[PDB]
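Residue numbers (the authors' numbering): 312 to 424. Backbone N, C-alpha and C fix where the C-beta goes; we use that ideal spot for every residue, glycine too. Notes follow once the structure below has been shown.
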(Lines of atoms letter the chains of each structure in order from A and count residues from 1; the text may use other names and numbers.)
(Lines give C-alpha, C1' and ligand atoms only; values in the text may rest on other atoms or scores of the structure.)
Protein backbone atom coordinates (compact mmCIF):
# COMPACT_ATOMS: atom_id res chain seq x y z
CA UNK A 1 0.00 0.00 0.00
CA UNK A 2 1.48 3.32 -1.12
CA UNK A 3 0.05 4.96 2.00
CA UNK A 4 1.53 2.13 4.08
CA UNK A 5 4.98 2.52 2.51
CA UNK A 6 4.77 6.30 2.84
CA UNK A 7 3.74 6.10 6.50
CA UNK A 8 6.56 3.64 7.17
CA UNK A 9 9.26 5.81 5.56
CA UNK A 10 7.86 9.03 7.12
CA UNK A 11 9.05 8.07 10.61
CA UNK A 12 12.17 10.07 11.41
CA UNK A 13 15.25 9.05 13.39
CA UNK A 14 14.65 5.31 13.02
CA UNK A 15 16.97 2.35 12.56
CA UNK A 16 15.58 0.01 9.91
CA UNK A 17 16.12 -3.74 10.22
CA UNK A 18 15.53 -6.08 7.28
CA UNK A 19 14.10 -9.55 8.00
CA UNK A 20 14.81 -12.34 5.51
CA UNK A 21 13.42 -15.85 5.42
CA UNK A 22 10.02 -15.23 7.01
CA UNK A 23 7.32 -17.88 6.81
CA UNK A 24 5.00 -16.80 4.02
CA UNK A 25 2.21 -16.90 6.63
CA UNK A 26 4.07 -14.58 9.03
CA UNK A 27 1.87 -11.91 10.60
CA UNK A 28 2.61 -8.55 12.17
CA UNK A 29 1.66 -10.05 15.55
CA UNK A 30 4.22 -12.83 15.13
CA UNK A 31 6.92 -10.31 14.17
CA UNK A 32 6.11 -8.21 17.25
CA UNK A 33 6.38 -11.39 19.31
CA UNK A 34 9.68 -12.38 17.65
CA UNK A 35 11.33 -9.16 18.75
CA UNK A 36 9.58 -8.96 22.12
CA UNK A 37 9.45 -6.15 24.63
CA UNK A 38 13.24 -5.62 24.64
CA UNK A 39 13.05 -4.59 20.96
CA UNK A 40 9.83 -2.58 20.71
CA UNK A 41 8.92 -1.68 17.14
CA UNK A 42 8.07 1.95 16.49
CA UNK A 43 4.31 2.06 16.21
CA UNK A 44 3.93 -1.61 17.07
CA UNK A 45 2.43 -3.43 14.12
CA UNK A 46 2.48 -0.17 12.15
CA UNK A 47 6.28 -0.18 12.14
CA UNK A 48 6.35 -3.42 10.10
CA UNK A 49 6.47 -3.31 6.29
CA UNK A 50 5.95 -6.71 4.71
CA UNK A 51 7.39 -6.84 1.21
CA UNK A 52 4.74 -8.24 -1.13
CA UNK A 53 4.19 -8.82 -4.83
CA UNK A 54 1.60 -6.60 -6.56
CA UNK A 55 -1.15 -9.14 -5.74
CA UNK A 56 -0.20 -9.21 -2.06
CA UNK A 57 1.65 -12.51 -2.22
CA UNK A 58 4.41 -12.64 0.40
CA UNK A 59 8.11 -12.56 -0.39
CA UNK A 60 9.64 -13.70 2.89
CA UNK A 61 11.04 -10.22 3.45
CA UNK A 62 10.04 -7.42 5.82
CA UNK A 63 11.42 -4.20 7.26
CA UNK A 64 10.92 -2.97 10.84
CA UNK A 65 11.52 0.34 12.61
CA UNK A 66 13.48 0.68 15.86
CA UNK A 67 13.64 4.07 17.55
CA UNK A 68 16.80 3.42 19.57
CA UNK A 69 20.19 1.94 18.74
CA UNK A 70 19.97 -0.30 21.81
CA UNK A 71 16.81 -1.81 20.31
CA UNK A 72 18.59 -2.45 17.02
CA UNK A 73 21.51 -4.13 18.81
CA UNK A 74 19.12 -6.34 20.77
CA UNK A 75 17.27 -7.12 17.53
CA UNK A 76 20.40 -8.00 15.58
CA UNK A 77 21.38 -10.42 18.32
CA UNK A 78 18.28 -12.42 17.28
CA UNK A 79 19.84 -13.17 13.88
CA UNK A 80 18.88 -16.76 12.93
CA UNK A 81 16.37 -17.12 15.74
CA UNK A 82 13.25 -18.94 14.62
CA UNK A 83 9.91 -17.48 13.65
CA UNK A 84 7.69 -20.49 13.23
CA UNK A 85 9.73 -23.20 11.55
CA UNK A 86 12.23 -20.89 9.81
CA UNK A 87 15.39 -19.14 10.94
CA UNK A 88 15.21 -15.39 10.32
CA UNK A 89 18.21 -13.52 8.94
CA UNK A 90 18.44 -9.94 10.22
CA UNK A 91 20.36 -7.06 8.66
CA UNK A 92 20.56 -3.34 9.14
CA UNK A 93 19.03 -1.40 6.27
CA UNK A 94 18.26 2.16 5.17
CA UNK A 95 15.34 4.06 3.69
CA UNK A 96 17.14 4.14 0.33
CA UNK A 97 17.53 0.36 0.34
CA UNK A 98 13.91 -0.09 1.40
CA UNK A 99 12.97 1.92 -1.69
CA UNK A 100 15.20 -0.18 -3.98
CA UNK A 101 13.84 -3.45 -2.57
CA UNK A 102 10.21 -2.33 -2.86
CA UNK A 103 10.91 -1.24 -6.43
CA UNK A 104 12.05 -4.79 -7.18
CA UNK A 105 8.47 -6.00 -6.55
CA UNK A 106 6.25 -3.18 -7.81
CA UNK A 107 5.24 -2.41 -11.38
CA UNK A 108 6.16 1.31 -11.04
CA UNK A 109 8.99 2.78 -8.93
CA UNK A 110 8.25 4.41 -5.59
CA UNK A 111 8.01 8.21 -5.57
CA UNK A 112 8.72 9.63 -2.09
CA UNK A 113 6.52 12.53 -1.01
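| Check | Outcome |
| --- | --- |
| With 16 as the cutoff for other CB atoms within 10 Å, does residue 337 come out buried or exposed? | buried |
| With a threshold of 6 Å on Cβ separation, who are the neighbours of residue 382 within its own chain once the five nearest residues in sequence on each side are excluded? | 350 |
| Would a C-beta distance cut-off of 8 Å place residue 331 and residue 372 closer than the cut-off? | yes |
| Per DSSP, what are the beta-bridge partners of residue 388 in this structure? | For residue 388, which the question treats as bridged, DSSP gives no partner whatsoever. |
| Could you tell me which of 360, 387, 365, 386 sits nearest to residue 406, measuring between CA atoms? | 360 |
| Here's the rule I'm using: 16 or more other beta-carbon atoms within 10 Å means buried, otherwise exposed. How should residue 368 be labelled? | exposed |
| For residue 374, which of 365, 352, 347, 366 has the nearest alpha-carbon? | 352 |
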